[PDB]
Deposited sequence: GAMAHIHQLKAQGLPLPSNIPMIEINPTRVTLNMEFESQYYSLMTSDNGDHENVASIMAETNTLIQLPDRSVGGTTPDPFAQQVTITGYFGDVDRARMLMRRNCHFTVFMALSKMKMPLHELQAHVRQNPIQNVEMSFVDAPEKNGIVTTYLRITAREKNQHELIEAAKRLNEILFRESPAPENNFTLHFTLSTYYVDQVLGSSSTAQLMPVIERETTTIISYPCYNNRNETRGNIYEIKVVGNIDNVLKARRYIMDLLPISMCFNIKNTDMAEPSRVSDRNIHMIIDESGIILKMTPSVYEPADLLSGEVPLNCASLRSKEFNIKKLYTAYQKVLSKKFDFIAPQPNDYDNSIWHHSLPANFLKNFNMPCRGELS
C-alpha cells in the first residue's frame, strides 16, 4: 500500500481486456540496427511482428539529466498475451551478439588470415577485423539460434591459427542500462553478483551515463555462458489494465516466488456523456527474466476464472544457476519504473 490518483482519462476506451498486454525487456542497442535489417531470412523485427501479429518497438531516446534513463534499452512487445510470449522467444533466438578473438600470437601473417576469411564467407557468421587502440581483433557475429555455427567457425579458426591456443582469447562486451547496475551487478546492500558468474563459468568480468559496459573474457564456450547468466538477470515486466469485475491507493504484492504485482487505481470518466464511470486497475508484473515462468503463473492468478485460460510455462530458463544461488533481496525491486 503506497498512499493525483486515481489516474483520470477522457479518451474513449475502446476496450479494457486483460489478455491484451505489453511485455518489456532489455535489448542491447548495439544490435538494434541488425535486428532491423531485412537479411531476407525473414527474421528481423518486422518479420516477427508479422508472424506474431504483435507490435514490437525499439527505443530511440536521447535522455540526460540526473538519473540514467531506465528505458535506454527497453523494447516493448504488445498484443494478445499468447502471441507476446511467442514473440519473446523469437526476439531472443533471432537477436545477434558479438564476440572478439585475439589475433595476437597467431602463427600465420594477418594478411593470409584476411584472405582466408575474405574468400570463405559463412551465411550466419559475419567476420571482420578491428584494431583496438595497437593490437588487432577479429569480430565474429551471429544470431542466438546459430550459436552452434559461430562457435564451430571460431574453433575451426583456432585450429588453423595454432597448428596451443590461448585460454582467454575471447572477449564479449555486454551493454547494460546503467540504471539497472545496482539490480544486476549488485548494490552497497547486497552481494556482488558477477563474482558468482566467474566462479561458475571460469571467466573474467571487469566493469567501470545511460549505457554501462561489462567486459567478459575467456574461452568461447564459457563466455557465451557468462552472457546467458548475465542476461538471466535482466529485469522483465508485463503491463495491462483490468476492470474490477474481471479479477480473481497504489497496490503492490510480493509472493514467495519473486514476482511483484503493482496495481494503480485509475478511472475512465467519459466527456461526451458526463455519466458512466468505469472503475479499473492498471496492473504491472515484474521480476527478472530467468524467472519469467513464474511471472505468467502470477498473471493467471489475477485474471478471473471466467477467462478460463492457462498461462504458457516457457522452459527457456530452467538451467539458470539463478534458481538456487540468487539472494531474495534482488527480486524485490519496489521502486522500479
Would you mind checking the deposited sequence against the model and listing the stretches with no C-alpha coordinates?
1 to 4, 8 to 12, 143 to 147, 178 to 179, 225 to 233, 274 to 281, 371 to 376
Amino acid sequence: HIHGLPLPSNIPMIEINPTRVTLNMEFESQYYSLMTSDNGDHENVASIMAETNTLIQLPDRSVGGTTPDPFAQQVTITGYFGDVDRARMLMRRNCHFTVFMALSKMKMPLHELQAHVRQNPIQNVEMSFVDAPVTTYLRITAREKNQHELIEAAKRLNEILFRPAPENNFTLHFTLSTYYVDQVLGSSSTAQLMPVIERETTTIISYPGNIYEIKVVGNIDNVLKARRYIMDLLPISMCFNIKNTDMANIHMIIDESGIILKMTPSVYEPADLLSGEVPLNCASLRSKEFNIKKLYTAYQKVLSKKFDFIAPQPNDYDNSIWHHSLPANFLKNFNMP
From here on, numbers count along this sequence of modelled residues.
Looking only at CA atoms, which has the higher mean B factor in the entry: 78 to 86 or 260 to 268?
260 to 268
Comparing 103 to 111 with 180 to 188, the higher average Cα temperature factor in the PDB entry belongs to 103 to 111
By the CA temperature factor listed in this entry, which of these ranks top: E159, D232, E144, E198?
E159
One of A132, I236, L224, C239 has the largest Cα B-factor in the entry, namely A132
Modelled-residue ranking by C-alpha temperature factor, third containing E213
middle
Lowest, middle or highest third: where is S62 by C-alpha B factor in its chain?
highest
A154: CA temperature factor from the record, placed by chain third, in the middle
Comparing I253 with the other modelled residues of its chain, is its CA B-factor in the lowest, middle or highest third?
highest
Split into thirds by Cα B-factor across the chain's modelled residues, where does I310 land: lowest, middle or highest?
highest
